[PDB]
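Everything below concerns the one structure shown next.
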Amino acid sequence: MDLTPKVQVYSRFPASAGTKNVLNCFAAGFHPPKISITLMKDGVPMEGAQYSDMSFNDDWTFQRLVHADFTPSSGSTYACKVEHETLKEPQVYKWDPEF
Amino acid sequence: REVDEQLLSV
Amino acid sequence: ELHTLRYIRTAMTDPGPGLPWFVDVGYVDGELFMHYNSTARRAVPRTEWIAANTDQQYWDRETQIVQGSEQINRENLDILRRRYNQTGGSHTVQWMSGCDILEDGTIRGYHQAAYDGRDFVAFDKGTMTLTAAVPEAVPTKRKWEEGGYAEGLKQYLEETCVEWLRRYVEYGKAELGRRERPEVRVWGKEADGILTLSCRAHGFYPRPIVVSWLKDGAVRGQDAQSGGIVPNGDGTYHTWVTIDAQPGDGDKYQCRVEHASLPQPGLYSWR
């Protein structure tokens with residue numbers, strides 16, 4: 001039955017100024033499989049996003065990874081915006097750059 | 001390889 | 001060494017926007033190696049090692065089998081809908097199949113389906129029967145008792161599955177057995193000193209990993225919050241563990257990373 005998506009947002013490499021990277025948003029533990037997951041920079045959808053094909057775990061709950069190439073600029077806000085039936089409103093998960 | 005289709009029929 | 005083949009099928013009525021209603025993804029030792037969906041209508045390789053050790057006969061074969069599988073699962077959605085008294089709406093059939101060659105050398109086999117995210121049927125090789133989890137699966141069990149399906153699957157799980165798993169493992173032995181060291185970062189956040197401490201391992205392979213925090217040597221795990229293990233795009237893995245500390249206790253804490261690519265566990269502090 002319909003349970004909520006658990007969402008993390010992280011980068012491929014430990015992030016540094018001016019240095020190419022990949023931003024990741026992974027959602028798991030959810031049902032039904034229809035889900036909207038959008039990587040964003042300062043409120044704007046980011047461009048090169050790739051979405052994994054629909055897959056699930058042994059407890060039958062679904063998962064999807066979304067990733068885009070990017071170069072993090074300091075003082076921007078990066079986030080992952082998620083829609084799902086289990087959620088009243090869109091949830092926005094902020095990326096912590098860690099530099 | 002995958003299995004014969006028929007084995008997924010309900 | 002533990003090896004696994006998994007085939008993971010999702011048929012859905014409401015995918016939705018721009019997405020395929022049927023997908024099938026194959027995994028070897030957790031690594032995505034084949035893919036089909038109802039838009040491409042082509043079974044496709046997903047690692048370089050499987051692409052190099054198969055010809056077009058193999059992918060023509062897998063395509064027809066999975067194309068028929070797609071049609072079987074179109075029918076499945078319509079049949080289960082009726083048995084559940086449903087009309088229209090958002091529904092899914094899930095099918096998992098595969099096998100394990102364990103470290104002790106034993107074979108395990110899986111064949112199970114779920115409807116709308118709930119157990120529907122499972123194969124029980126011990127007793128050699130299809131178990132129905134809910135009354136809506138009893139007609140399926142009936143179907144398998146008559147159609148002579150159970151023997152055809154025994155062949156698959158005990159022979160075909162394991163034989164190909166052994167092949168695949170062989171095709172990509174170096175890739176599957178590789179080691180990628182994590183880049184680890186420690187970061188601290190909030191208030192006066194240093195409240196929350198983060199430990200992130202970036203880009204490790206294989207998947208197993210233990211990341212823990214140590215307050216003056218003491219594992220504070222009932223206290224640690226973990227993200228579990230999540231994937232990067234490139235086939236490597238990611239994990240973060242946080243721990244809450246009184247501000248200015250920063251110097252007391254150490255992050256410990258146990259992983260197959262590290263001969264000694266890695267030890268990290270907050271700067």
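Simple scheme: letters A, B, ... for chains in structure tokens order, numbers from 1 for residues in each chain, numbers from 1 for ligands in the order shown.
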If we count only C-alpha atoms, which residues of chain C reach to within 8 Å of chain B? Please list them as an mmCIF file with N, CA and C atoms, in the first residue's frame.
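In the end it all went to iface-v7.cif:
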data_model
loop_
_atom_site.group_PDB
_atom_site.id
_atom_site.type_symbol
_atom_site.label_atom_id
_atom_site.label_comp_id
_atom_site.auth_asym_id
_atom_site.auth_seq_id
_atom_site.Cartn_x
_atom_site.Cartn_y
_atom_site.Cartn_z
ATOM 1 N N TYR C 7 15.651 -10.336 -11.984
ATOM 2 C CA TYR C 7 14.855 -9.706 -13.045
ATOM 3 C C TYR C 7 13.632 -9.040 -12.422
ATOM 4 N N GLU C 62 16.089 -12.326 -25.970
ATOM 5 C CA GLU C 62 15.566 -11.609 -24.823
ATOM 6 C C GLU C 62 14.470 -10.608 -25.190
ATOM 7 N N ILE C 65 11.152 -12.659 -25.750
ATOM 8 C CA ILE C 65 10.679 -13.138 -24.466
ATOM 9 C C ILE C 65 10.083 -11.988 -23.635
ATOM 10 N N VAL C 66 10.783 -10.867 -23.540
ATOM 11 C CA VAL C 66 10.266 -9.744 -22.748
ATOM 12 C C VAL C 66 9.080 -9.022 -23.444
ATOM 13 N N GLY C 68 6.785 -10.629 -25.139
ATOM 14 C CA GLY C 68 5.682 -11.487 -24.759
ATOM 15 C C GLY C 68 5.321 -11.300 -23.298
ATOM 16 N N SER C 69 6.332 -11.058 -22.470
ATOM 17 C CA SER C 69 6.136 -10.775 -21.068
ATOM 18 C C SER C 69 5.286 -9.518 -20.868
ATOM 19 N N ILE C 72 1.748 -10.418 -21.614
ATOM 20 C CA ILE C 72 1.234 -11.182 -20.470
ATOM 21 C C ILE C 72 0.848 -10.262 -19.301
ATOM 22 N N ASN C 73 1.624 -9.204 -19.107
ATOM 23 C CA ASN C 73 1.363 -8.276 -18.018
ATOM 24 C C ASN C 73 0.288 -7.219 -18.327
ATOM 25 N N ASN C 76 -2.546 -9.358 -17.364
ATOM 26 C CA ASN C 76 -2.512 -9.418 -15.911
ATOM 27 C C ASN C 76 -3.185 -8.220 -15.236
ATOM 28 N N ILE C 79 -6.933 -8.730 -15.717
ATOM 29 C CA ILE C 79 -7.502 -9.839 -14.969
ATOM 30 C C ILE C 79 -7.566 -9.543 -13.466
ATOM 31 N N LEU C 80 -6.483 -9.034 -12.887
ATOM 32 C CA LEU C 80 -6.499 -8.727 -11.457
ATOM 33 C C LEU C 80 -7.478 -7.601 -11.120
ATOM 34 N N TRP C 95 6.715 -8.213 -10.638
ATOM 35 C CA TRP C 95 7.221 -9.572 -10.717
ATOM 36 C C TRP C 95 8.708 -9.574 -10.500
ATOM 37 N N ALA C 137 -5.376 -14.488 -5.448
ATOM 38 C CA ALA C 137 -4.352 -15.329 -6.092
ATOM 39 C C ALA C 137 -4.674 -16.820 -6.183
ATOM 40 N N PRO C 139 -7.043 -18.499 -7.931
ATOM 41 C CA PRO C 139 -7.166 -18.872 -9.350
ATOM 42 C C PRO C 139 -5.847 -18.971 -10.128
ATOM 43 N N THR C 140 -4.817 -18.237 -9.687
ATOM 44 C CA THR C 140 -3.488 -18.329 -10.290
ATOM 45 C C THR C 140 -2.836 -19.649 -9.900
ATOM 46 N N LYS C 143 -4.237 -22.263 -11.825
ATOM 47 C CA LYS C 143 -3.695 -22.213 -13.189
ATOM 48 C C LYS C 143 -2.369 -22.967 -13.258
ATOM 49 N N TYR C 149 3.141 -25.601 -14.965
ATOM 50 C CA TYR C 149 4.082 -24.473 -14.913
ATOM 51 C C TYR C 149 5.250 -24.745 -13.966
ATOM 52 N N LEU C 153 9.526 -23.965 -14.260
ATOM 53 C CA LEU C 153 10.216 -22.980 -13.426
ATOM 54 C C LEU C 153 11.365 -23.614 -12.635
ATOM 55 N N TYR C 156 14.111 -23.511 -14.852
ATOM 56 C CA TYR C 156 14.680 -22.177 -14.885
ATOM 57 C C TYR C 156 15.525 -21.856 -13.646
ATOM 58 N N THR C 160 18.879 -22.960 -15.804
ATOM 59 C CA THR C 160 19.068 -21.795 -16.663
ATOM 60 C C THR C 160 19.537 -20.577 -15.863
ATOM 61 N N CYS C 161 18.860 -20.278 -14.761
ATOM 62 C CA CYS C 161 19.184 -19.093 -13.981
ATOM 63 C C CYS C 161 20.625 -19.137 -13.526
ATOM 64 N N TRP C 164 23.529 -19.145 -16.355
ATOM 65 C CA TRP C 164 23.752 -17.833 -16.930
ATOM 66 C C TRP C 164 24.353 -16.868 -15.930
#
Q: Counting only C-alpha atoms, collect the residues of chain A whose closest atom lies at most 7 Å from chain C, and write them out as a list in words.
A: residues 1, 12, 13, 14, 31, 33, 34, 54, 55, 60, 61, 67 and 98 of chain A
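CA of residue 44 (chain C) lies 29.6 Å from CA of residue 181 (chain C).
Between CA of residue 45 (chain C) and CA of residue 229 (chain C) the separation is 24.8 Å.
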